[PDB]
Asks: 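Dropping a structure here in structure tokens format, bear with me for questions.
Just so it is clear, the values below take in all heavy atoms, side chains as well, and ignore hydrogens, waters and symmetry mates. Chain letters run A, B, ... following the sequence lines, proteins first, then strands; residues in each count from 1.
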Amino acid sequence: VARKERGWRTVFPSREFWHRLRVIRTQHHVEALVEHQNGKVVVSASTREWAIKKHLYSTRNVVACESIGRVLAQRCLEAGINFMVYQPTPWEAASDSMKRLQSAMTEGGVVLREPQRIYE
Amino acid sequence: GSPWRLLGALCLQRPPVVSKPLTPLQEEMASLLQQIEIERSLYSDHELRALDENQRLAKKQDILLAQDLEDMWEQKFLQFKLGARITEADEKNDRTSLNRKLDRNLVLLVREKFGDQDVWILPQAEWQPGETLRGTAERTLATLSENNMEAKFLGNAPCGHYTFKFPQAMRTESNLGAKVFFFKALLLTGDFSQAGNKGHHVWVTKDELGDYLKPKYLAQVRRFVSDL
Amino acid sequence: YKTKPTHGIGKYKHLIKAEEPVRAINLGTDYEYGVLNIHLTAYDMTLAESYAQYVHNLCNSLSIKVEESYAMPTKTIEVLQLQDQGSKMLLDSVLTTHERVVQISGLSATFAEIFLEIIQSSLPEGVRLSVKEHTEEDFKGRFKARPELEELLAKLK
Amino acid sequence: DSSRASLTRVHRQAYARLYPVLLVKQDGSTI
Amino acid sequence: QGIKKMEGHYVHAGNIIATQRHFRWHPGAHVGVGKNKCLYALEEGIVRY
Amino acid sequence: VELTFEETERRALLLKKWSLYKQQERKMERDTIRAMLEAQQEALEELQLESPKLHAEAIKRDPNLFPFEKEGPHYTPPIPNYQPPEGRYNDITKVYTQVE
Amino acid sequence: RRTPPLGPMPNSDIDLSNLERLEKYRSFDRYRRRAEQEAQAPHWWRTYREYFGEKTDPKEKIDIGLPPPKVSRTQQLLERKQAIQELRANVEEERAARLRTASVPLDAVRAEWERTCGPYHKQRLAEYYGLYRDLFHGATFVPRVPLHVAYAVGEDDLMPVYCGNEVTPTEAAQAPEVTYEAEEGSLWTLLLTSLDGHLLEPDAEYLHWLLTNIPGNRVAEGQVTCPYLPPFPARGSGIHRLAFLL
RNA sequence: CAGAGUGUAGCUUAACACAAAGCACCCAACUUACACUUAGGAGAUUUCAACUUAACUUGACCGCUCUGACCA
Ligand SMILES: [K+]
């Protein structure tokens, strides 16, 4: 019943959400974030932290992206986060590294679409 | 005038005559590229000619076959003897001939005598009023002994400078030292005559360039002399 | 709003090249050559296409504007050999000459000494290099010959 | 070095196989 | 055409904020845009630019 | 033909050593250019201090430079005494002409 | 009429003279990355952050927690580099990562995470849930000591209490099992509060459990200052949040 | 030759610690080519000590740079 920040139809990305999955992949590392529409970050998973880096051959490959989703899904359930939107670009969504990060998040129990707001 | 003499030096180069040998890694990769080029190519007219004959021969008016014709080609190849990439000057190690070390680039060195002492340097000529600094380098070739060579000069700017001082013996307020500016050129065609060869000059790769030059003179020549 | 201090914050067209609808040839200053055509002719079509692709990427690394990268018409050449103990020329082989061009503008006088020595060093075997200044003649050499215009021109004479 | 851009393959989707040969010139040289 | 609700004005859901033929003003938070680039309020509150 | 697991394993591992080998070729070429340019610019400075009249001529372009022609190396050098066979060169390049 | 800007304008640094010799963006992701940087910067003009952004105080929130551990960065970094070399030397890890069949053990990732950067994540999460604001009026602390709570549901199952996971009052009818690493001779104090459960006063909270002067890890030995009382969130009142403080 | 100056892989006033980051760069595929994108690759604190955190501060040890000695 909480209002979503509707609007922003002429720009990218949208704001009509409560929680958002944002993926940041650099030349060396991969980072996934769950943040609120107000900007605050709830939970995160990066390849910079020893916990995940000590088990990966390459922090920048597809496997790393698939493993960041398995670690993030486990952390989102603990935090209580079960729904969130994902706003990728056409080339990011078609990539095999983002296709495996979504599948890993769903297999963890996270749904990549938020339920519709109740107005009445 | 100034207390620094102006000298127009020359860096004449003989670029490679032959291709450089492939390294162990380049060999492994070149065999793969030719293997990948085959697996992704259509049958050539010479492959379709051989396949058809195989069927016609198996079933049972082409006089010459495909495999038969290949043998003719190979025979002529084995009869032709290729030029030697390694010459007699590489075995004799005659550093005065252009023909040696065809794969690598060569630099010219002439020995001059200063203060009753022999020193290896690049050809150089003192500047004269009414002349560009490069024009002084173009003149050096003419001063060379019995030389028939056409050099192609690259631009007008110098590719290097070296400054030295007389060791307190010839030092004067009028003359303190010298300042040489080098200009690169390419040896299109030509070579020296057979009159005087050994004591005059040598053609040396950048690796073996130190043996002749001095430590300080060498460091300034190894900056614009590439070995790519 | 025009009276407000934040007026003009949305201006963007002064950051974009003026594109308001063949090409006048740039002629070099005393200090910089205007335009140049780098021709790479080779009997093999892969070596010209690869050396051209190397020069195009090298010029970018060196911050040199590559105006245009194109190809020139192929020239097929029949090679006849004198038959063994005879007088008739028999077809021996067919050689194709392949040419690629890389058009650059904005080369400094001092730097050309360097850029030239780099490309000629990395020049493959069987590939020829020719760097010429651009002229309308070259540009008109890439178009089909109009013979109708040549007959009409003769009639006027 | 001559080998900087020499190692290549035909970059075409459809093309007939080509074989490597030596093109002896009028002065004895080869490529 | 033009602004119907200026800075600081109170609006109700559905109220048209601005009309325009070209995008002079863009829709922000809780502001919708129709076919004809008409900006309307999606929530009750204060208008801000 | 299908490629054996050992083959693709060898090819893939060969393209990983080839990406690092070409990274060193470009490093040497990048450094060589820097050395050349740093020596040229530094020599021009020393030339300005000595005589600014000569520095104004060196920085000028050389119209005699272009056209600049250069042939690539060979695989084997020329033979001193080699006589080629007799023949003829005949162009068969299709001429394209624009009508209309 | 014109008024001069109150500060530097956005694109003033750009030089328009050599506009043809400037590096462009050439990509939408490279412009988007710069556009996000300048959107999170302070500006003299009106911004969305001014009217909607969560107002904060300039007085940095004080820290009331334990001191951080002291670690040798040089000796730490040396050991980590060595382990990566061993992992990368094995050709079976390279082959699995190239065929896309490798995977990380989720159980080992969480044990090292709880040691290194879990406390800072739990802090970031508590700030999002508004615990420091309500409990300590803005003062923060890093939970250096991992607190493992779990409710016994039946005889074989356990409902772990993490940081915001849903738990029912039926599973939380009996006191949970509490474990935490502590040295001998130390004294602790546990606490359970309902931040939103209160029925009469908004600001106040309900005390559900209070154990004082606990020796080490043995929670039973600790004095029972307030017995355990299960959560009782009223119907139609929403979702409440109960916190265990150590 | 001493004299001073200087110190993270190419750049950086990246580095509170939770951690050696970000960009630039290299190969392949797409592209006439470039570019974009995808999928991959290589990487650094000059070295020892200093009560420890020390890439950071104090010392030398190391190379680099600059000014003369040296110099055809
Ligand atoms: K309440």
Side-chain angles (χ1 to χ4, degrees), chain A residues 24 26-29 44 46-51 53 58 60-62 89-92 94-98, chain B residues 5 7 29 36 112-121 124 162-171 176-178 180 214-217, chain C residues 45 48-50 52-57 59-61 65-66 68-71 100-102, chain D residues 11-13, chain F residues 11-12 14-27 30-31 34, chain G residues 23-30 33 68-78 80-81 97-98 100 112-113 115-121 123-124 142:
Chain A
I24 316 174
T26 64
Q27 170 184 147
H28 299 271
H29 290 286
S44 53
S46 174
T47 59
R48 299 187 311 264
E49 61 186 342
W50 185 236
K53 180 190 307 188
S58 182
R60 40 188 180 194
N61 69 357
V62 163
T89 56
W91 49 95
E92 288 178 356
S95 64
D96 182 29
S97 73
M98 291 297 96
Chain B
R5 295 182 184 175
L7 306 172
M29 186 66 193
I36 293 182
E112 286 287 3
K113 190 169 186 176
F114 307 109
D116 289 347
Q117 186 181 358
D118 288 349
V119 184
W120 290 96
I121 53 164
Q124 64 187 18
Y162 177 68
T163 75
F164 61 97
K165 295 179 179 179
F166 313 116
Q168 294 176 336
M170 295 299 294
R171 184 171 308 162
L176 177 61
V180 294
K214 294 302 190 167
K216 283 300 186 175
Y217 193 75
Chain C
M45 186 194 64
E49 289 181 343
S50 179
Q53 178 182 315
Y54 164 85
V55 168
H56 191 161
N57 276 308
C59 285
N60 287 358
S61 306
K65 196 196 175 183
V66 172
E68 185 184 355
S69 306
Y70 61 92
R100 296 294 185 273
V101 181
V102 178
Chain D
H11 288 94
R12 303 299 176 185
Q13 290 298 355
Chain F
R11 287 184 182 192
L14 173 55
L15 293 178
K16 298 198 171 189
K17 302 179 298 187
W18 181 250
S19 184
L20 178 59
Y21 175 85
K22 298 289 286 192
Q23 198 182 332
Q24 300 293 358
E25 279 196 357
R26 179 53 192 163
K27 179 185 181 59
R30 212 195 321 270
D31 290 348
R34 167 174 295 187
Chain G
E23 191 201 329
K24 300 310 180 312
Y25 281 119
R26 301 167 302 170
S27 64
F28 166 100
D29 186 4
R30 202 189 313 262
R33 177 165 305 104
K70 215 55 171 178
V71 175
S72 174
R73 177 52 180 171
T74 301
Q75 172 56 33
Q76 174 194 50
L77 178 53
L78 165 69
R80 291 183 167 172
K81 282 192 171 184
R98 189 182 69 251
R100 308 169 196 187
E112 179 64 17
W113 170 80
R115 287 194 287 266
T116 67
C117 76
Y120 301 98
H121 288 198
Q123 181 192 26
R124 183 176 62 188
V142 182

Asks: Donor-acceptor check, side chain of F:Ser19 to backbone of F:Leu15, threshold 3.5 angstrom: yes or no?
Replies: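 Such a contact is absent between F:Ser19 side chain and F:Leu15 backbone.
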Asks: Contact class for A:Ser58 (heavy atom, under 4.0 Å): base, sugar-phosphate, or nothing?
Replies: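 It contacts sugar-phosphate atoms only.
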Asks: How long is the line joining CZ of A:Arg60 and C1' of H:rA39, in whole Å?
Replies: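 Computing the A:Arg60:CZ to H:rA39:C1' distance gives 12 Å.
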Asks: Would you confirm whether H:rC30 and H:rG5 are paired, taking Watson-Crick (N1-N3 with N6-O4 or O6-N4) or G-U wobble (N1-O2 and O6-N3) geometry and requiring each distance to be under 3.5 angstrom?
Replies: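 No.
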Asks: Measure the distance from CG on G:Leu78 to P on H:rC48 and round it to the nearest whole Å.
Replies: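 From G:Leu78 CG to H:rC48 P: 10 Å.
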Asks: If you take all heavy atoms of B:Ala178 and B:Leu7, which pair is closest and at what distance?
Replies: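 The pair with the smallest heavy-atom distance is CB-CD1, 3.9 Å.
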Asks: Just checking A:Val62: base, sugar-phosphate only, or nothing, at a heavy-atom cut-off of under 4.0 Å?
Replies: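 Result for A:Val62 = sugar-phosphate.
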Asks: Could you check whether D:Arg12 pairs with C:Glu49 (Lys NZ or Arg NE/NH1/NH2 to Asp/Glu carboxylate O, under 4.0 Å)?
Replies: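 Between C:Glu49 and D:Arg12 there is a salt bridge, with a charged N closer than 4.0 Å to a carboxylate O.
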Asks: D:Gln13 near the nucleic acid: base, sugar-phosphate alone, or nothing, with a heavy-atom cut-off under 4.0 Å?
Replies: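 Sugar-phosphate contact only - D:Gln13 comes under 4.0 Å of backbone atoms but never of a base.
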Asks: When both hydrogen-bonding distances must be under 3.5 Å and the geometry is Watson-Crick or G-U wobble, what is H:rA33 paired with, if anything?
Replies: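 None - no nucleotide pairs with H:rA33, as no candidate has both distances under 3.5 Å.
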Asks: Check the distance between H:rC27's P and D:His11's NE2 and give it to me in whole angstrom.
Replies: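 So the NE2-P distance, D:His11 to H:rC27, works out to 12 Å.
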Asks: Would you confirm whether H:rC48 and H:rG59 are paired, taking Watson-Crick (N1-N3 with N6-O4 or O6-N4) or G-U wobble (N1-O2 and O6-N3) geometry and requiring each distance to be under 3.5 angstrom?
Replies: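 Between H:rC48 and H:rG59, a qualifying pair exists.
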Asks: By the 4.0 Å heavy-atom rule, please label C:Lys65 as base, sugar-phosphate, or nothing.
Replies: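 No contact at all - C:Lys65 keeps every heavy atom at 4.0 Å or more from the nucleic acid.
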Asks: Which part of the nucleic acid, if any, lies within contact of C:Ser69, taking any heavy atom under 4.0 Å across all strands shown: a base, the sugar-phosphate backbone alone, or nothing?
Replies: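 Touches a base.
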Asks: Rounded off to whole Å, could you give me the CD-to-P distance for the F:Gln23 and H:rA42 pair?
Replies: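 Value for this atom pair: 9 Å.
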Asks: Between H:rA24 and H:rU6, is a Watson-Crick or G-U wobble pair present, with both distances under 3.5 Å?
Replies: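 Result no; criteria under 3.5 Å not both met.
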Asks: Contact class for G:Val71 vs. all strands (heavy atom < 4.0 Å): base, sugar-phosphate, or nothing?
Replies: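 Result for G:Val71 = sugar-phosphate.
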Asks: In whole angstroms, how far is the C1' atom of H:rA72 from the CD atom of B:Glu112?
Replies: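 It works out to 11 Å between those atoms.
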Asks: Mind checking whether H:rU13 and H:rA20 form a Watson-Crick or G-U wobble pair, both distances under 3.5 Å?
Replies: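 No.
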Asks: Can a side chain N or O of G:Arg26 be found less than 4.0 Å away from OP1 or OP2 on H:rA35?
Replies: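 Checking H:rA35 against G:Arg26, no side-chain N or O comes under 4.0 Å of OP1 or OP2.
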Asks: According to a strict under-4.0 Å criterion, is F:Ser19 in side-chain N/O contact with OP1 or OP2 of H:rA28?
Replies: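 The answer is no; no side-chain N or O of F:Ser19 sits under 4.0 Å from OP1 or OP2.
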Asks: Students often get this wrong, so: under 4.0 angstrom with heavy atoms, is G:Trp113 touching a base, only sugar-phosphate, or nothing?
Replies: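 No contact.
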Asks: Output the single nucleotide from H:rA72, H:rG22, H:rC18 whose closest atom is nearest the side chain of A:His29.
Replies: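 Taking heavy atoms from C-beta onward, the closest nucleotide is H:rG22.
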Asks: Check this one for me: any side-chain N or O of G:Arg73 less than 4.0 Å away from OP1 or OP2 of H:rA17?
Replies: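 False: G:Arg73 side-chain N/O out of range (4.0 Å or more) of H:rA17 OP1/OP2.
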Asks: From CD of A:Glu92 over to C1' of H:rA39, roughly how many Å is that when rounded to an integer?
Replies: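 Rounded to the whole Å, the gap is 15 Å.
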Asks: For B:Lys216, report the nucleic acid contact type (base, sugar-phosphate, nothing); a contact means any heavy atom under 4.0 Å.
Replies: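 Contact class for B:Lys216: none.
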Asks: Could you tell me whether H:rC62 and H:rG68 make a Watson-Crick or G-U wobble pair, using a cut-off of under 3.5 Å for both distances?
Replies: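 They are not paired, because the relevant distances do not both stay under 3.5 Å.
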Asks: Name the nucleic acid region contacted by G:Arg100, choosing base, sugar-phosphate or nothing; use a 4.0 angstrom heavy-atom cut-off, strictly under.
Replies: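 Contact class for G:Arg100: sugar-phosphate only.
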Asks: Using purine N1 to pyrimidine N3 plus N6-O4 or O6-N4 for Watson-Crick, or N1-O2 and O6-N3 for G-U wobble, both under 3.5 Å, which nucleotide pairs with H:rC56?
Replies: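 Because no pair has both required distances under 3.5 Å, H:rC56 counts as unpaired.
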Asks: What's B:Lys165 touching, base or sugar-phosphate or nothing? Going by heavy atoms closer than 4.0 Å.
Replies: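 If one applies the 4.0 Å heavy-atom cut-off, B:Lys165 turns out to touch a base.
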Asks: Whole-Å distance between H:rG22 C1' and A:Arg48 CZ?
Replies: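 Those two atoms, CZ and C1', are 11 Å apart.
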Asks: What is the minimum heavy-atom distance between B:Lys113 and B:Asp118, and which atoms define it?
Replies: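 Heavy-atom minimum between the residues: CG-OD1, 3.1 Å.
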Asks: Indicate yes or no: at least one non-hydrogen side-chain atom of C:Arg100 is less than 4.5 angstrom from one of C:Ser69.
Replies: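 The answer is no, as the side chains (C-beta and beyond) never meet within the 4.5 Å cut-off.
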Asks: Could you give me the CA-CA distance, side-chain angles and deciding distance for F:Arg30 and F:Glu25, then say whether salt bridge (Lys or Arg N to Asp or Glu O under 4.0 Å) is met?
Replies: CA-CA 9 Å; F:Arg30 212 195 321 270; F:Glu25 279 196 357; over 6 Å; no
Asks: Would you kindly give the CG-to-P distance between F:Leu20 and H:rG41, to the nearest whole Å?
Replies: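 In whole Å, H:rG41 P and F:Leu20 CG are 12 Å from each other.
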Asks: Decide which of the two grooves, major or minor, lies under 5.0 Å from some side-chain heavy atom of A:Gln27; the other groove has no such atom.
Replies: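 Result: major groove, none in the other.
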Asks: Using the six-membered ring for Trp and the full ring for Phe, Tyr or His, decide whether G:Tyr120 stacks on the six-membered base ring of H:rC18 (centres under 5.5 Å, planes under 30°).
Replies: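 The base of H:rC18 is stacked with G:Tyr120 (centres under 5.5 Å, planes under 30°).
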Asks: Mind checking G:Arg80 for me? I need base, sugar-phosphate or nothing, with any heavy atom below 4.0 Å counting as a touch.
Replies: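 Counting heavy atoms under 4.0 Å across all strands, the contact made by G:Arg80 is with sugar-phosphate only.
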Asks: Pairing defined as Watson-Crick or G-U wobble with both contacts under 3.5 Å. Yes or no for H:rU37 and H:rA29?
Replies: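 Given the Watson-Crick and G-U criteria, H:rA29 is paired with H:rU37.
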